[PDB]
Each structure stands twice: as C-alpha cells, then as structure tokens.
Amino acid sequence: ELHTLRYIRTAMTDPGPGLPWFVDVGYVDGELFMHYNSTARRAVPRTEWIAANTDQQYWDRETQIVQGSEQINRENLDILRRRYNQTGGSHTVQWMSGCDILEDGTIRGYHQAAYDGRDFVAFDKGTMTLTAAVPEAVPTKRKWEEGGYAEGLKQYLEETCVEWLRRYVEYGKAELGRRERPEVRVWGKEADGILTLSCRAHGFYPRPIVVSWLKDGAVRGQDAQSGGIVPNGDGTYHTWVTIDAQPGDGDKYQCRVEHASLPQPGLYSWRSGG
C-alpha cells in the first residue's frame, strides 16, 4: 500500500504557561509513535509496537539528534526575528520532513520550514537546492547551500527514511492494519426536533470513512455539512455530519456509514421512529 513517515517540530517564543517551547513528534501512517519536548529533553515511545522493537541506543541516538534540532531552532528564532526587523511578539519556526512510499513504487521526500505559519523554505531534491518561498528566505538559501546539506538530505529522503519506514511498518503492521468498528448515533434538534439532524461515527480505525445522508433512500448532499475527521484519546477517530431538514421530516433520513470494519454499508436512523 502507501506508507508515510513524518517528523514535525515547532519552536515557539510563547507556548505558553507551563508548556514546552520546543516539541518534536513522529508519525507512521498518520499515527503518533515518538515524542520529544524541551522540558524532558528525551525522545520517548508513544506506541507499544515501537517500544520492545527498539533498544536503548535507538532512543539515545534519537534524543541526541532532537537535542541538536532543539538548539538550532532556538537560534533560528533569534536569526529570523533580527532578519525580519521584529521587536518581540509571538513567533514560530516549524519543520516537516519525511518520506512517502507510493503505490507505484516511487518515492516522495520532504524537508520544509515555515516562519510564523507561512512557507519559508522547501528542499527540492530534484534540483539539489533549497527553494526560498519568501525574500527573507534568500539569505537562508545561500547559507544552507554553502553548508553542503543537499547530498546527505537527498540520501536521507530517498534511502534512510524509506528503510526506517519499512522497519516501523513491519513492527506495527498489526496495529496499523487493525479495524475498529464505529458506534453510530443519529440525533436531531429544533422545531419538534427535526431541523438539524446529526450523524456521529464514534471510534473507528483506520481513518478512511464515508458518512452520507439518504432521504427516502436517495443520496442527499444538499444542506449537508461535515466536521471532518477528529481524533479520540485512544488513537481511534470521530466524525460528525449534519443535514438541515424540514421540521417533521426526521423519519425520511438515514445516515450511511462506509468503513473497512463494516463488510456492507451501515444504515442508521434517528432512534426507531423518531
């Protein structure tokens, strides 16, 4: 299939009250497996499958690298504040890096930054240069290119990342490949109760889902709204969809749920005769 490895990091001037200024988190197929913050200063396991499939030297090597990342991004905050001629305020440096193992067999690589939530730089592994998204990123480009990082980064994205991703997918194939059935509730609210109807799929895994409305057994996209996919504390997902109906029309509607955990689409009504 397709597997993704993602490392996201944020360095912030204002996190704030009792919260770490620097945080790094790792993702395999969208699932959190590692964490680092500037208070603990240690890389830590977040899933059962990564722990007991890795020894102490793995976490020691990860700790050292992210401690290095932390210090660079501390400096980055100072460098960019000065370059932008900013006096105080709330500022952030964000990084996203990793790789994709596409269905085709082909490999995608990413190494990119944002300053104050706007694209700053991105590595173009095709041309072996760092692309400047803004004029303030031109001195960055010149320093980074002179630093000779392209070679090692191309190598990391096309090979080391891919190899690491294969390892992790193998350690967590059972958890990543599991199926969790959602518990579904159809509800309604306002004039006698049938203005806004809601359908909620609680606790599904994996993330892909299709939640739609049927009125007298026919698909209804009209007056429908989705809240998207939202997470639960246990790694499972939640989604809520609404449709605006005429008062007294509650019994006409059904919520259709298409998910991997369901052999056939689930059809649900607001209570029984509501």
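C-alpha atoms forming the largest set that superposes within 1.5 Å between two forms make up the rigid core. The first residue of the shown sequence is 1; numbering continues from there.
Do you reckon 174-182 or 97-105 strays further from the shown form in 5 other deposited structures of this protein, measuring C-alpha RMS after a core fit? Higher root mean square deviation of C-alphas in 5 other deposited structures of this protein is shown by 97-105.
Rigid core superposition, C-alpha RMS per stretch in 5 other deposited structures of this protein: which comes out larger, 107-115 or 187-195? Looking at 107-115 versus 187-195 in 5 other deposited structures of this protein, the farther one turns out to be 187-195.
Mean CA temperature factor from the deposited coordinates, higher in 185-193 or in 116-124? According to the entry, 185-193 carries the higher average C-alpha B-factor.
Higher-B stretch (mean Cα B-factor, as the entry records it), 166-174 or 91-99: According to the PDB entry, the answer is 166-174.
From the list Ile229, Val66, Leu32, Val211, select the residue with the highest C-alpha B factor recorded in the entry. Largest recorded C-alpha B-factor: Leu32.
Check the PDB entry and point out which of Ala245, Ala52, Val219, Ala224 has the largest C-alpha temperature factor. Highest CA B-factor of the listed options: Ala52.
What third of its chain, lowest, middle or highest, does the C-alpha temperature factor of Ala40 fall into? Highest third - that is where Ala40 ends up once the chain's C-alpha B-factors are sorted.
Compared with the other modelled residues in the chain, in which third is the CA B-factor of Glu159? Within its chain, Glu159 is a highest-third residue by C-alpha B-factor, going by the deposited values.
Could you place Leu2 in the lowest, middle or highest third of its chain by Cα temperature factor, using the values in the record? Highest third - that is where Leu2 ends up once the chain's C-alpha B-factors are sorted.
Could you tell me which third, lowest, middle or highest, the C-alpha B-factor of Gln264 occupies within its chain? Ranked within chain, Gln264 CA B lands in the highest tercile.
Could you say whether, by C-alpha temperature factor, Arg207 belongs to the lowest, middle or highest third of its chain? Tercile = middle for this residue's CA B-factor.
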